[PDB]
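Containing compact mmCIF, C-alpha atoms: model18.txt.
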```
# COMPACT_ATOMS: atom_id res chain seq x y z
CA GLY B 179 11.22 5.36 -5.94
CA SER B 180 7.84 3.78 -6.70
CA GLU B 181 5.90 0.50 -6.58
CA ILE B 182 6.95 -0.05 -2.98
CA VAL B 183 3.74 0.29 -0.99
CA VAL B 184 4.35 -2.37 1.65
CA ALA B 185 1.08 -3.19 3.42
CA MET B 186 1.61 -3.53 7.16
CA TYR B 187 -1.94 -3.06 8.42
CA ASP B 188 -4.99 -5.14 7.51
CA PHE B 189 -8.07 -3.79 5.73
CA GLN B 190 -11.18 -5.39 4.23
CA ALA B 191 -12.64 -4.44 0.86
CA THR B 192 -16.35 -5.17 0.67
CA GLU B 193 -17.22 -2.89 -2.25
CA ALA B 194 -14.81 -2.64 -5.22
CA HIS B 195 -13.53 0.93 -5.47
CA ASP B 196 -11.46 0.56 -2.31
CA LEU B 197 -8.88 -2.22 -2.16
CA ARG B 198 -8.02 -4.30 0.88
CA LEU B 199 -4.79 -4.33 2.86
CA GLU B 200 -2.89 -7.60 3.16
CA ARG B 201 -0.16 -7.63 5.81
CA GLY B 202 2.96 -8.83 4.04
CA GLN B 203 2.07 -8.07 0.42
CA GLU B 204 4.21 -5.42 -1.22
CA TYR B 205 1.81 -3.41 -3.33
CA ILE B 206 2.45 -1.24 -6.35
CA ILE B 207 1.52 2.41 -5.98
CA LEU B 208 -0.37 3.69 -9.02
CA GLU B 209 -1.99 6.95 -7.94
CA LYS B 210 -1.34 9.29 -5.01
CA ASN B 211 -3.80 12.02 -3.86
CA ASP B 212 -2.63 13.38 -0.47
CA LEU B 213 -0.99 11.08 2.09
CA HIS B 214 -4.09 9.09 3.05
CA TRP B 215 -6.17 7.57 0.25
CA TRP B 216 -3.86 6.51 -2.57
CA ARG B 217 -4.53 4.03 -5.35
CA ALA B 218 -2.31 0.97 -5.50
CA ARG B 219 -2.22 -2.45 -7.08
CA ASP B 220 -2.65 -5.69 -5.15
CA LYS B 221 -1.16 -8.69 -6.92
CA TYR B 222 -1.25 -8.85 -10.73
CA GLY B 223 -4.42 -7.05 -11.75
CA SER B 224 -6.45 -6.07 -8.70
CA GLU B 225 -6.21 -2.38 -7.79
CA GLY B 226 -8.12 0.38 -6.03
CA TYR B 227 -8.14 2.94 -3.23
CA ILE B 228 -5.56 2.00 -0.64
CA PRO B 229 -4.92 4.05 2.51
CA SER B 230 -1.15 4.42 2.33
CA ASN B 231 -1.40 5.36 6.00
CA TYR B 232 -1.72 1.60 6.48
CA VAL B 233 1.24 0.91 4.18
CA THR B 234 4.94 1.78 4.38
CA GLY B 235 7.71 2.12 1.82
CA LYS B 236 11.35 1.32 2.52
CA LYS B 237 10.65 2.34 6.17
CA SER B 238 12.39 5.72 5.83
CA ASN B 239 16.17 5.25 5.75
CA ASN B 240 16.37 2.35 8.18
CA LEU B 241 17.97 -0.21 5.86
CA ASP B 242 20.72 2.10 4.56
CA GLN B 243 23.46 -0.26 5.68
CA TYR B 244 20.81 -2.98 6.19
CA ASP B 245 22.61 -4.50 9.19
```

Just give me the structure as structure tokens.
Amino acid sequence: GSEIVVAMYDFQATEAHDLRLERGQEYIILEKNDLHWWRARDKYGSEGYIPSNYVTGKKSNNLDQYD
């Protein structure tokens, strides 16, 4: 599965290369590169280096049965 980089932690982008982390926004993973600094998309255009260590996918296999 892809495009499921759910941002849980907050981060501030002051440059441009690195993207910020918005708690609640489900980002779209574009590039990987190890487990730390990935490259994802914000909304509909903005992208950049995003520490996936601050994001989370489908939280492992928690919602298998959902409830």

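Checking B:194, B:181, B:234, B:203 one by one against residue B:218, counting all atoms listed in the file, you find the shortest gap at B:181.
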
Minimum-distance residue to residue B:211, chosen among B:228, B:233, B:191, B:185 (using only C-alpha atoms): B:228

Near-residue B:207 list (10 Å; only C-alpha atoms; drop same-chain fewer than 2 positions) as a list in words: residues 180, 181, 182, 183, 184, 204, 205, 209, 210, 216, 217, 218, 219, 220, 225, 226, 228, 230 and 235 of chain B

B:214, B:208, B:195, B:202 ranked by distance to residue B:232, top pick (using all atoms listed in the file):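 Ranked by minimum distance to residue B:232, first place goes to B:214.
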
For atom CA of residue B:239 and atom CA of residue B:179, the interatomic separation in Å (one decimal): 12.7 Å

Pick from B:243, B:201, B:206, B:186 nearest to residue B:227, counting only C-alpha atoms: B:206

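Across the model, the gap from atom CA of residue B:242 to atom CA of residue B:213 is 23.6 Å.
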
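Taking atom CA of residue B:222 and atom CA of residue B:196 as endpoints, the distance between them is 16.2 Å.
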
Radius query 6 Å about (-6.5, -6.0, 2.7), atoms used: only C-alpha atoms, as JSON, numbers by chain: {"B": [188, 189, 190, 198, 199, 200]}
